[PDB]
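Below you'll find the structure, written out as structure tokens, and then a few comments.
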Amino acid sequence: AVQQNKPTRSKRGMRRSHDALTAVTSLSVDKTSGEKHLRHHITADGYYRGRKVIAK
Amino acid sequence: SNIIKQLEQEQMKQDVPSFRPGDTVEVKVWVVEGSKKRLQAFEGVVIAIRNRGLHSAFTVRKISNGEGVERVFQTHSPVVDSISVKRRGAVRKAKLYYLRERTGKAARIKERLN
Amino acid sequence: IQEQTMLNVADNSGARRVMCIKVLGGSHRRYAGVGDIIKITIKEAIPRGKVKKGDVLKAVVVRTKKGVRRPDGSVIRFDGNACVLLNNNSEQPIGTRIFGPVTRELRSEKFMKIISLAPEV
Amino acid sequence: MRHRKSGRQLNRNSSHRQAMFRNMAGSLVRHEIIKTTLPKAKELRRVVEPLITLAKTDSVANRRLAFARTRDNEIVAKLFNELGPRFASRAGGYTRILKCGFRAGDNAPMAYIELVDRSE
Amino acid sequence: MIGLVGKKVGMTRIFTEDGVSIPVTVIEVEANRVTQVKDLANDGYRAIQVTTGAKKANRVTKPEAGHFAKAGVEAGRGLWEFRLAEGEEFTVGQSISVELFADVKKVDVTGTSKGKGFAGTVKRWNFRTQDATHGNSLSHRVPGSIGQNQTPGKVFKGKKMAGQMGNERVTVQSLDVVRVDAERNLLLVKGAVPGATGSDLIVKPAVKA
RNA sequence: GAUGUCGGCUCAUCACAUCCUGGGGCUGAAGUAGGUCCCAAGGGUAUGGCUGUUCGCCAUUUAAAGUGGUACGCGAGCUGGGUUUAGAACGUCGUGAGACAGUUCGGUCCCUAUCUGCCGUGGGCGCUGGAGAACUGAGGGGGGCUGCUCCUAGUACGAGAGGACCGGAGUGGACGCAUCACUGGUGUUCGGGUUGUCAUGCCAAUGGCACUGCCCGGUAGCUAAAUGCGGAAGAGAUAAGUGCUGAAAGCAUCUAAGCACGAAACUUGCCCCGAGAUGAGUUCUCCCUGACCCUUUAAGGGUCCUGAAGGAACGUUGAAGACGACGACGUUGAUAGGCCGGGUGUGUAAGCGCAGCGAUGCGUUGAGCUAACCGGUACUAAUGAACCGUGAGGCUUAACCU
RNA sequence: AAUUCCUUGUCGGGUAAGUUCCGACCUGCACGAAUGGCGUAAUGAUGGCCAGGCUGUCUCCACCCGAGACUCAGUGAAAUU
RNA sequence: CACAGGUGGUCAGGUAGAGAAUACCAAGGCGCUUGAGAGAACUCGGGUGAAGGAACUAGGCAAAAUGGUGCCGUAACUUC
RNA sequence: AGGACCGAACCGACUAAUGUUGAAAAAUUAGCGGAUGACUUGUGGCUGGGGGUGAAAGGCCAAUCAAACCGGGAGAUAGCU
Ligand SMILES: [Mg+2]
Ligand SMILES: [Mg+2]
Ligand SMILES: [Mg+2]
Ligand SMILES: [Mg+2]
Ligand SMILES: [Mg+2]
Ligand SMILES: [Mg+2]
Ligand SMILES: [Mg+2]
Ligand SMILES: [Mg+2]
Ligand SMILES: [Mg+2]
Ligand SMILES: [Mg+2]
Ligand SMILES: [Mg+2]
Ligand SMILES: [Mg+2]
Ligand SMILES: [Mg+2]
Ligand SMILES: [Mg+2]
Ligand SMILES: [Mg+2]
Ligand SMILES: [Mg+2]
Ligand SMILES: [Mg+2]
Ligand SMILES: [Mg+2]
Ligand SMILES: [Mg+2]
Ligand SMILES: [Mg+2]
Ligand SMILES: [Mg+2]
Ligand SMILES: [Mg+2]
Ligand SMILES: [Mg+2]
Ligand SMILES: [Mg+2]
Ligand SMILES: [Mg+2]
Ligand SMILES: [Mg+2]
Ligand SMILES: [Mg+2]
């Protein structure tokens with residue numbers, strides 16, 4: 001099973017109309033620190049929902 | 001479940017004796033026959049066992065006229081009426097299906113005895 | 001119970017092995033049991049008896065391994081499939097005696113002559 | 001269909017998916033902290049707590065049974081003695097997960113499984 | 001007449017004095033409260049909309065709470081229309097219960113479905129399997145031949161072939177009514193209706209005899 | 001510069017010269033059963049023995065085992081038995097190599113689907129302010145089979161033998177849907193037995209490996225063989241047909257005027273989809289009512305302040321599920337996990353005590369362990385925000401209202 | 001009949017039913033005696049037929065354990081046109 | 001090709017075993033140069049299957065089954 | 001004693017599935033045949049193309065065989081595409 005006609009460069013583009021990437025809906029920040037971390041998980045070092053887990 | 005089990009705990013008969021995968025028991029069930037409605041007895045041996053609330057069975061092996069028979073009673077069925085024990089035995093198992101291939105001398109099961 | 005299938009004789013004459021060659025009761029009918037008519041074919045038979053190997057008649061399934069269930073759900077089963085040969089032309093048994101306990105499912109006006117023999121239920 | 005079926009198979013035979021957790025279990029009981037996969041974490045969870053909940057009682061059988069699983073008399077000692085009384089009053093949640101995910105080799109999501117009373 | 005919205009959870013038995021263990025699906029009707037009446041002057045048809053559940057009043061959009069308010073507000077899993085004829089109800093929560101049934105042996109019961117999804121012929125179409133042996137290469141349980149040839153050209157519509165199995169209305173019709181014991185808000189039937197417990201059901205008098 | 005043969009399998013779809021069931025005319029049609037023709041394509045329309053067979057013959061069923069078109073439908077779907085390769089042999093022909101529309105034993109069946117087309121399932125935009133819902137129902141699809149028994153009535157009919165109509169009741173076969181409450185299956189995530197061997201120092205107790213090592217039983221879930229329901233009635237308009245009153249055509253006539261019945265076909269009734277129904281419909285509820293400028297002026301464009309309803313995103317997850325989707329919940333909490341109690345399932349743990357030389361037995365003990373289950377419980381995880389979406393809705397006419 | 005065209009010859013056996021199979025008949029299209037005739041114990045991954053056991057081969061498929069398929073991250077083909 | 005193929009000789013521990021079979025191990029050497037999830041149809045390799053039991057099919061193809069030692073005992077036929 | 005029996009190595013290749021843009025230009029997996037013999041294997045040698053070798057299939061003679069591979073006659077000839 002193979003293509004009978006070379007798919008135009010146009011058809012290709014349409015097929016890649018759903019391949020577009022997604023942003024991040026903006027990420028949150030921390031209270032204890034200005035850590036610009038991702039929602040629901042550890043900051044760059046050890047913070048999260050305030051507090052500060054994971055030694056150093 | 002919380003609403004149900006009530007319609008079950010409301011049906012479940014409290015008039016039922018002990019049991020065991022080795023006992024004999026003599027289940028006395030209705031029959032109706034024709035115009036009558038006697039009470040047929042069933043002398044067998046419990047191999048399988050209920051334990052599911054309203055829904056429950058014993059499965060008794062008898063072997064009537066030279067032919068092994070097996071019946072699964074619905075413990076809480078009005079057609080069950082009474083149910084004796086006759087003889088309790090030591091099995092050391094929960095399901096004695098390994099009896100569908102035994103017969104006298106081989107099917108023998110040492111009584112309970114406490 | 002379904003084509004082929006070896007059943008035992010629940011009566012006398014031409015006992016032992018008898019193969020079912022057709023499940024009567026309608027088109028594409030799958031299996032039989034409880035108390036249904038079946039096309040039999042004596043495979044063993046006794047030296048004397050009333051029928052001999054090769055005979056093609058019909059019979060009633062008196063006992064099955066699967067069993068039978070009644071309202072409450074309680075089921076009754078036997079370790080083996082037994083049946084009774086009956087006159088081809090107009091039903092009714094051909095044997096003089098019925099061996100083994102039957103089921104109250106045969107308490108029908110026709111299958112009467114059998115439920116009235118020794119055994120039980 | 002998985003309809004109402006509990007338990008995660010990860011991607012291997014139960015055989016393997018037993019000792020990998022048995023090691024990861026005693027591993028947690030040891031360093032009290034671990035950085036594994038999120039799924040492989042939300043699983044190790046209901047594998048140690050049952051052990052700690054078992055550690056609640058000193059006993060002499062719950063000890064052996066504790067040795068049955070996690071074949072390490074080392075950690076079974078850590079249990080009953082440490083985490084045992086450590087959570088002798090703890091209701092049940094003896095663990096934290098602290099997500100973080102995103103590993104190098106694989107875009108796999110990691111996590112930080114740790115005893116609730118680990119911070120000092 | 002009209003019907004009532006309930007929740008599945010049943011599947012039990014009820015032994016008769018005679019000795020029959022009747023199957024049964026325990027549907028629960030917490031009484032439906034007509035949230036709105038529809039006339040042929042402001043709608044174009046005689047219909048009644050009710051409710052039965054009780055939303056946590058936390059996941060209810062204001063446009064919803066406003067709807068309930070417009071009438072006899074009291075939250076509820078959702079809304080349900082009920083085409084009625086020759087007999088109206090009070091626009092305000094007339095609070096109808098399982099008592100709506102009694103001398104009604106009909107009933108239909110309409111749940112969601114089963115939810116197989118996986119689909120695949122042989123299971124969602126009862127197709128046949130090709131010899132699991134005697135050769136057959138990678139073609140055991142598979143469609144095999146969906147069309148004909150050149151003459152036909154394409155593959156006729158409706159052609160059975162895998163695809164999502166489940167999640168779809170589907171009723172039952174008939175079904176006897178074991179007990180219409182209100183109070184506890186219960187309705188028992190002969191048994192076997194779509195849904196998998198908790199699933200919203202629409203039990204109404206059978207359209208057929 | 002290749003359109004793979006016959007049969008089988010799997011899956012079909014159409015025709016009507018209809019096999020069954022339905023409606024009728026004539027009969028050398030008593031009845032019951034037939035015969036032949038007309039109408040009718042809704043639905044249904046056999047398992048085996050022999051052979052590669054198709055077919056056919058035969059056994060035994062059924063209400064019936066329809067005929068035909070679809071590349072003698074179907075190999076980028078399966079088979080490779082027949083049939084054209086190369087091996088070999090027989091009969092036969094030829095001096096012979098070899099040959100046969102003769103036979104015989106043996107003999108590699110490829111393709112990850114771009115386009116159309118189907119089956120499912122999403123992502124856009126459009127429906128003219130934006131939302132959350134509930135509908136309406138144009139249309140489209142699904143389903144349409146049928147036996148036997150009984151009552152009518154052993155009546156009508158009939159010399160009897162035999163034996164209805166019509167109408168009603170019950171229970172089946174095959175098929176479809178659904179659901180696990182029952183019966184069972186499975187259940188390598190539960191419990192136990194056991195063979196070999198290795199290890200944890202040894203005893204004891206355990207764990208690894210040997211198909212889950214072999215095996216016994218089994219929870220939830222999923223299941224069929226299990227269980228419950230369904231192809232209906234009834235309407236409309238008809239077919240063939242039967243006719244009424246009726247002239248042409250002094251009568252006669254079903255028709256020319258004019259009326260009435262009439263079948264599983266057609267329209268509807270039943271179940272499902274369904275407003276992209278661009279002819280994009282309807283009803284209920286909810287939200288936004290700050291300032292300015294450039295202007296090449298009804299066309300805007302642009303700025304700051306504002307961001308609601310609701311959505312989405314993330315997290316805990318589901319009887320939902322390939323991914324998307326759809327549902328529940330997010331501390332105003334039972335959404336998952338854990339935890340408690342119970343259930344169930346296994347089947348009486350370990351330790352100790354005692355009896356026996358011992359294997360082992362009894363006691364503690366019906367113990368111990370126990371999952372997807374039930375009831376409950378914030379112990380752990382479901383963070384305040386943040387993101388999107390705005391700021392009163394074009395014109396023309398009509399109706400009201402002012 | 002590894003040989004028979006008519007051919008599923010005819011009969012018997014086996015089967016509920018056997019164009020195959022076995023035993024016969026002889027009407028050998030077109031067997032036949034070292035391009036050997038007819039037999040033959042044993043042997044055979046040899047051709048045909050039958051039976052017991054056995055079973056998911058099938059009636060009719062169900063559940064479950066693993067490797068793919070599906071999802072994400074990295075690398076990254078093909079015939080064809 | 002850092003390819004499931006091919007390649008001659010030597011050595012030969014423990015338990016069980018007839019054994020250079022086989023299973024579990026010693027010495028020793030390895031986990032096979034993409035991983036992380038999910039728990040779909042369908043394909044591949046397996047496990048268990050009610051009742052029936054070759055009805056399958058060209059054909060029991062494939063499966064399932066049998067499986068050891070000792071002893072008892074064993075037909076036609078035969079070149080003994 | 002035995003071209004004797006069962007069965008590893010070793011030799012071989014009857015069956016099925018999978019592979020068929022393969023892990024592989026013939027293999028993998030589960031079965032299978034021989035296994036003191038016309039057995040099997042290492043090293044080196046000898047037969048050369050109309051020639052070799054062949055327990056005979058036209059089989060093998062470097063993934064090539066009804067006449068090898070390489071260079072030449074050579075721009076063979078091509079009433080065909
Ligand atoms: Mg293992
Ligand atoms: Mg192949
Ligand atoms: Mg066309
Ligand atoms: Mg016609
Ligand atoms: Mg036929
Ligand atoms: Mg064709
Ligand atoms: Mg192919
Ligand atoms: Mg062939
Ligand atoms: Mg040849
Ligand atoms: Mg046969
Ligand atoms: Mg002969
Ligand atoms: Mg000759
Ligand atoms: Mg010769
Ligand atoms: Mg992939
Ligand atoms: Mg990728
Ligand atoms: Mg490598
Ligand atoms: Mg079975
Ligand atoms: Mg056959
Ligand atoms: Mg067949
Ligand atoms: Mg085989
Ligand atoms: Mg095998
Ligand atoms: Mg030898
Ligand atoms: Mg050998
Ligand atoms: Mg050499
Ligand atoms: Mg070569
Ligand atoms: Mg020249
Ligand atoms: Mg040239």
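Chain lettering (A, B, ...) mirrors the order of the structure tokens, residue numbering begins at 1 for each chain separately, and ligand numbering begins at 1 in order of display.
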
Check: ligand 16: which residues are within 8 Å, counting only C-alpha atoms (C1' of nucleotides) and all ligand atoms, as a list in words?
Finding: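 For ligand 16, the residues inside 8 Å are residues 2, 32 and 33 of chain H.
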
For the residues in the current selection, export N, CA and C atoms (P, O5', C5', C4', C3', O3' and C1' of nucleotides) as a PDB file, in the first residue's frame.
ATOM      1  P     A H   2      29.031  -1.971  13.166  1.00  0.00           P
ATOM      2  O5'   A H   2      28.904  -2.738  14.557  1.00  0.00           O
ATOM      3  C5'   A H   2      29.384  -4.071  14.714  1.00  0.00           C
ATOM      4  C4'   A H   2      28.850  -4.656  16.000  1.00  0.00           C
ATOM      5  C3'   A H   2      27.309  -4.522  16.119  1.00  0.00           C
ATOM      6  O3'   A H   2      26.818  -5.592  16.926  1.00  0.00           O
ATOM      7  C1'   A H   2      28.382  -3.230  17.801  1.00  0.00           C
ATOM      8  P     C H  32      20.916  -4.392  28.825  1.00  0.00           P
ATOM      9  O5'   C H  32      21.377  -4.744  27.342  1.00  0.00           O
ATOM     10  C5'   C H  32      22.706  -5.179  27.072  1.00  0.00           C
ATOM     11  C4'   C H  32      22.696  -6.305  26.065  1.00  0.00           C
ATOM     12  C3'   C H  32      21.914  -6.099  24.763  1.00  0.00           C
ATOM     13  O3'   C H  32      22.679  -5.354  23.823  1.00  0.00           O
ATOM     14  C1'   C H  32      21.602  -8.312  25.597  1.00  0.00           C
ATOM     15  P     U H  33      22.049  -4.043  23.142  1.00  0.00           P
ATOM     16  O5'   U H  33      22.609  -2.837  24.021  1.00  0.00           O
ATOM     17  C5'   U H  33      21.738  -2.109  24.883  1.00  0.00           C
ATOM     18  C4'   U H  33      21.537  -0.707  24.357  1.00  0.00           C
ATOM     19  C3'   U H  33      21.611  -0.559  22.833  1.00  0.00           C
ATOM     20  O3'   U H  33      20.523   0.241  22.392  1.00  0.00           O
ATOM     21  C1'   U H  33      23.121   0.951  23.888  1.00  0.00           C
TER      22        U H  33
END

Next item on the list: Extract, using only C-alpha atoms (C1' of nucleotides), all DNA, RNA and protein residues at most 8 Å from stretch 101-105 of chain E, discarding same-chain residues fewer than 6 positions from it, and format them as a PyMOL selection string.
Entry: chain E and resi 175-177+180+205

Next item on the list: Restrict the distance test to only C-alpha atoms (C1' of nucleotides), flag each residue of chain D within 9 Å of chain G, and return the flagged residues as a ChimeraX atom specification.
Entry: /D:12-14,104-108

Notebook entry, point to check: For chain B against chain E, which residues fall within 7 Å using only C-alpha atoms, given as a ChimeraX atom specification?
Noted result: /B:77-79

With N, CA, C and O atoms kept, could you save the residues just selected as a compact mmCIF listing (two decimals), in the first residue's frame?
# COMPACT_ATOMS: atom_id res chain seq x y z
N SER B 77 -34.22 -19.98 50.42
CA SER B 77 -35.35 -20.21 49.52
C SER B 77 -36.47 -20.90 50.28
O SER B 77 -36.27 -21.93 50.91
N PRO B 78 -37.69 -20.33 50.22
CA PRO B 78 -38.85 -20.91 50.91
C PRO B 78 -39.00 -22.41 50.65
O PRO B 78 -39.62 -23.12 51.43
N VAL B 79 -38.42 -22.87 49.55
CA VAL B 79 -38.49 -24.28 49.18
C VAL B 79 -37.47 -25.11 49.95
O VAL B 79 -37.41 -26.33 49.80

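Secondary structure of stretch 54-207 of chain E, alpha helix (DSSP H) only (DSSP, backbone atoms): residues 62, 63, 64, 65, 66, 67, 68, 69 and 70 of chain E.
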
Write out as a Markdown table the residues of chain G that have any atom within 12 Å of an atom of ligand 11, one row each with the nearest atom pair and its distance in Å to one decimal, counting only C-alpha atoms (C1' of nucleotides) and all ligand atoms, sorted by chain and then rising number.
| residue | atom | partner | partner_atom_place_in_ligand_line | distance |
| --- | --- | --- | --- | --- |
| G:1 | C1' | ligand 11 | 1 (Mg) | 7.7 |
| G:20 | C1' | ligand 11 | 1 (Mg) | 11.9 |
| G:21 | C1' | ligand 11 | 1 (Mg) | 9.1 |
| G:22 | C1' | ligand 11 | 1 (Mg) | 7.1 |
| G:23 | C1' | ligand 11 | 1 (Mg) | 7.2 |
| G:24 | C1' | ligand 11 | 1 (Mg) | 8.0 |
| G:25 | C1' | ligand 11 | 1 (Mg) | 10.7 |

Next item on the list: Using only C-alpha atoms (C1' of nucleotides) and all ligand atoms, find each residue with an atom at most 9 Å away from ligand 26 and format the answer as a list in words.
Entry: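 Taking only C-alpha atoms (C1' of nucleotides) and all ligand atoms into account, the residues around ligand 26 at most 9 Å away are residues 73, 74 and 76 of chain I.
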
Next item on the list: Grab me every residue within 10 Å of ligand 19, counting only C-alpha atoms (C1' of nucleotides) and all ligand atoms, and send it over as number ranges by chain.
Entry: F: 8, 47-48; G: 58; H: 55-57

The selected residues should be written to file as a PDB file, in the first residue's frame (atoms: N, CA, C and O atoms (P, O5', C5', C4', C3', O3' and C1' of nucleotides)).
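Result file again.pdb:
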ATOM      1  P     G F   8     -17.868 -22.532  -2.430  1.00  0.00           P
ATOM      2  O5'   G F   8     -17.106 -22.874  -1.073  1.00  0.00           O
ATOM      3  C5'   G F   8     -17.157 -24.185  -0.520  1.00  0.00           C
ATOM      4  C4'   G F   8     -16.161 -24.321   0.608  1.00  0.00           C
ATOM      5  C3'   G F   8     -16.263 -23.224   1.645  1.00  0.00           C
ATOM      6  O3'   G F   8     -17.250 -23.544   2.617  1.00  0.00           O
ATOM      7  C1'   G F   8     -13.999 -23.506   1.012  1.00  0.00           C
ATOM      8  P     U F  47     -26.007 -25.353   8.107  1.00  0.00           P
ATOM      9  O5'   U F  47     -25.835 -26.696   8.947  1.00  0.00           O
ATOM     10  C5'   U F  47     -25.717 -26.660  10.367  1.00  0.00           C
ATOM     11  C4'   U F  47     -25.668 -28.063  10.927  1.00  0.00           C
ATOM     12  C3'   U F  47     -24.539 -28.972  10.434  1.00  0.00           C
ATOM     13  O3'   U F  47     -23.316 -28.767  11.130  1.00  0.00           O
ATOM     14  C1'   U F  47     -26.604 -30.145  10.387  1.00  0.00           C
ATOM     15  P     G F  48     -21.936 -29.246  10.464  1.00  0.00           P
ATOM     16  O5'   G F  48     -21.954 -30.823  10.674  1.00  0.00           O
ATOM     17  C5'   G F  48     -21.383 -31.696   9.710  1.00  0.00           C
ATOM     18  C4'   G F  48     -22.054 -33.044   9.775  1.00  0.00           C
ATOM     19  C3'   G F  48     -21.526 -34.086   8.801  1.00  0.00           C
ATOM     20  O3'   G F  48     -20.389 -34.729   9.360  1.00  0.00           O
ATOM     21  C1'   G F  48     -23.893 -34.053   8.732  1.00  0.00           C
TER      22        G F  48
ATOM     23  P     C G  58     -11.051 -23.738  16.015  1.00  0.00           P
ATOM     24  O5'   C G  58     -12.446 -24.488  15.834  1.00  0.00           O
ATOM     25  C5'   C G  58     -13.064 -24.587  14.553  1.00  0.00           C
ATOM     26  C4'   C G  58     -14.311 -25.438  14.636  1.00  0.00           C
ATOM     27  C3'   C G  58     -15.419 -24.860  15.505  1.00  0.00           C
ATOM     28  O3'   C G  58     -16.252 -23.990  14.748  1.00  0.00           O
ATOM     29  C1'   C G  58     -15.032 -27.115  16.110  1.00  0.00           C
TER      30        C G  58
ATOM     31  P     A H  55     -16.136 -35.780  12.402  1.00  0.00           P
ATOM     32  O5'   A H  55     -17.252 -34.788  12.960  1.00  0.00           O
ATOM     33  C5'   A H  55     -18.532 -34.702  12.340  1.00  0.00           C
ATOM     34  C4'   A H  55     -19.257 -33.458  12.804  1.00  0.00           C
ATOM     35  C3'   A H  55     -18.469 -32.175  12.616  1.00  0.00           C
ATOM     36  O3'   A H  55     -18.700 -31.700  11.294  1.00  0.00           O
ATOM     37  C1'   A H  55     -19.501 -32.209  14.763  1.00  0.00           C
ATOM     38  P     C H  56     -17.474 -31.571  10.265  1.00  0.00           P
ATOM     39  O5'   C H  56     -16.455 -30.589  10.996  1.00  0.00           O
ATOM     40  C5'   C H  56     -16.888 -29.341  11.531  1.00  0.00           C
ATOM     41  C4'   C H  56     -15.693 -28.470  11.829  1.00  0.00           C
ATOM     42  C3'   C H  56     -14.760 -28.256  10.636  1.00  0.00           C
ATOM     43  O3'   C H  56     -15.167 -27.170   9.811  1.00  0.00           O
ATOM     44  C1'   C H  56     -13.501 -28.917  12.535  1.00  0.00           C
ATOM     45  P     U H  57     -15.523 -27.437   8.268  1.00  0.00           P
ATOM     46  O5'   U H  57     -14.117 -27.790   7.612  1.00  0.00           O
ATOM     47  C5'   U H  57     -13.048 -26.851   7.626  1.00  0.00           C
ATOM     48  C4'   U H  57     -11.740 -27.560   7.383  1.00  0.00           C
ATOM     49  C3'   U H  57     -11.698 -28.428   6.133  1.00  0.00           C
ATOM     50  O3'   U H  57     -11.397 -27.683   4.960  1.00  0.00           O
ATOM     51  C1'   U H  57     -10.849 -29.646   7.983  1.00  0.00           C
TER      52        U H  57
END

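Neighbours of ligand 25 at a cut-off of 8 Å, computed so that only C-alpha atoms (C1' of nucleotides) and all ligand atoms are counted, are the residues residues 60, 62, 63, 64 and 65 of chain I.
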
Note to self: Counting only C-alpha atoms (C1' of nucleotides), a student should be able to say which residues of chain D come within 10 Å of chain F; what is the right answer, written as a ChimeraX atom specification?
What the structure shows: /D:1-9,13-15,42-43,45-50,53,60-62,64-65,67-73,87,89-98,115-116

Next item on the list: Identify, counting only C-alpha atoms (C1' of nucleotides) and all ligand atoms, the protein, DNA and RNA residues located within 10 Å of ligand 6, and give them as a PyMOL selection string.
Entry: (chain E and resi 148-149) or (chain F and resi 5-6+70-74)

Next item on the list: Return as a PyMOL selection string the residues belonging to chain A that are within 12 Å of chain G, counting only C-alpha atoms (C1' of nucleotides).
Entry: chain A and resi 1-8

Note to self: as a ChimeraX atom specification, could you give me every residue of chain F near chain C (at most 10 Å apart, counting only C-alpha atoms (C1' of nucleotides))?
What the structure shows: /F:46-48,59-65,146-148,172-174,182-184,225

Next item on the list: Name all residues at most 8 Å from residue B:109 (count only C-alpha atoms (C1' of nucleotides); drop same-chain ones fewer than 5 positions away) and give them as number ranges by chain.
Entry: B: 22, 89-91

Note to self: Residues near residue H:8, anyone? I mean within 12 Å using only C-alpha atoms (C1' of nucleotides), not counting same-chain ones fewer than 6 positions away, as a PyMOL selection string.
What the structure shows: chain I and resi 41-43

With N, CA, C and O atoms (P, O5', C5', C4', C3', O3' and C1' of nucleotides) retained, write the just-selected residues as a PDB file, in the first residue's frame.
ATOM      1  P     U I  41      30.915 -33.388   8.724  1.00  0.00           P
ATOM      2  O5'   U I  41      32.160 -32.852   9.559  1.00  0.00           O
ATOM      3  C5'   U I  41      31.966 -32.081  10.738  1.00  0.00           C
ATOM      4  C4'   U I  41      33.283 -31.865  11.445  1.00  0.00           C
ATOM      5  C3'   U I  41      34.450 -31.379  10.594  1.00  0.00           C
ATOM      6  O3'   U I  41      34.450 -29.965  10.456  1.00  0.00           O
ATOM      7  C1'   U I  41      35.146 -33.201  11.936  1.00  0.00           C
ATOM      8  P     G I  42      35.274 -29.287   9.253  1.00  0.00           P
ATOM      9  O5'   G I  42      36.750 -29.145   9.837  1.00  0.00           O
ATOM     10  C5'   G I  42      36.979 -28.467  11.068  1.00  0.00           C
ATOM     11  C4'   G I  42      38.448 -28.487  11.416  1.00  0.00           C
ATOM     12  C3'   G I  42      39.439 -28.136  10.307  1.00  0.00           C
ATOM     13  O3'   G I  42      39.581 -26.747  10.040  1.00  0.00           O
ATOM     14  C1'   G I  42      40.217 -30.020  11.520  1.00  0.00           C
ATOM     15  P     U I  43      39.971 -26.261   8.560  1.00  0.00           P
ATOM     16  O5'   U I  43      41.480 -26.745   8.392  1.00  0.00           O
ATOM     17  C5'   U I  43      42.520 -26.172   9.178  1.00  0.00           C
ATOM     18  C4'   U I  43      43.835 -26.854   8.885  1.00  0.00           C
ATOM     19  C3'   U I  43      44.265 -26.899   7.420  1.00  0.00           C
ATOM     20  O3'   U I  43      44.888 -25.718   6.936  1.00  0.00           O
ATOM     21  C1'   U I  43      44.533 -29.041   8.399  1.00  0.00           C
TER      22        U I  43
END

Using only C-alpha atoms (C1' of nucleotides), I'd like a table of the residues in chain E that come within 6 Å of chain F; for each, show the closest atom pair and its distance in Å rounded to one decimal, ordered by chain and ascending number, as a tab-separated table.
residue	atom	partner	partner_atom	distance
E:11	CA	F:181	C1'	4.5
E:12	CA	F:181	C1'	4.4
E:43	CA	F:283	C1'	5.6
E:62	CA	F:286	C1'	5.6
E:63	CA	F:286	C1'	3.8
E:66	CA	F:285	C1'	5.2
E:67	CA	F:285	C1'	4.4
E:136	CA	F:78	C1'	5.3
E:139	CA	F:78	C1'	5.7
E:144	CA	F:77	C1'	4.0
E:145	CA	F:77	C1'	5.0
E:146	CA	F:11	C1'	5.6
E:148	CA	F:73	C1'	4.7
E:154	CA	F:117	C1'	4.9
E:155	CA	F:118	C1'	5.3
E:161	CA	F:119	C1'	5.2
E:163	CA	F:120	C1'	4.1
E:164	CA	F:120	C1'	5.8
E:172	CA	F:229	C1'	5.8
E:191	CA	F:228	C1'	5.6
E:192	CA	F:179	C1'	4.8
E:194	CA	F:178	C1'	5.9
E:196	CA	F:319	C1'	5.5

Notebook entry, point to check: Of the candidates E:75, E:182, E:24, E:138, which one gets nearest to chain H if we count only C-alpha atoms (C1' of nucleotides)?
Noted result: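 The closest residue to chain H is E:138.
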
Next item on the list: Select, from G:49, G:26, G:11, G:63, the residue with the minimum atom-to-atom distance to ligand 10, counting only C-alpha atoms (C1' of nucleotides) and all ligand atoms.
Entry: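 Looking only at the distances to ligand 10, the closest residue turns out to be G:49.
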
Note to self: Which residues are near ligand 4 in this structure, taking near to mean any atom at most 10 Å from a ligand atom and counting only C-alpha atoms (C1' of nucleotides) and all ligand atoms? Format them as an MDAnalysis selection string.
What the structure shows: chainID F and resid 16:18 38:40
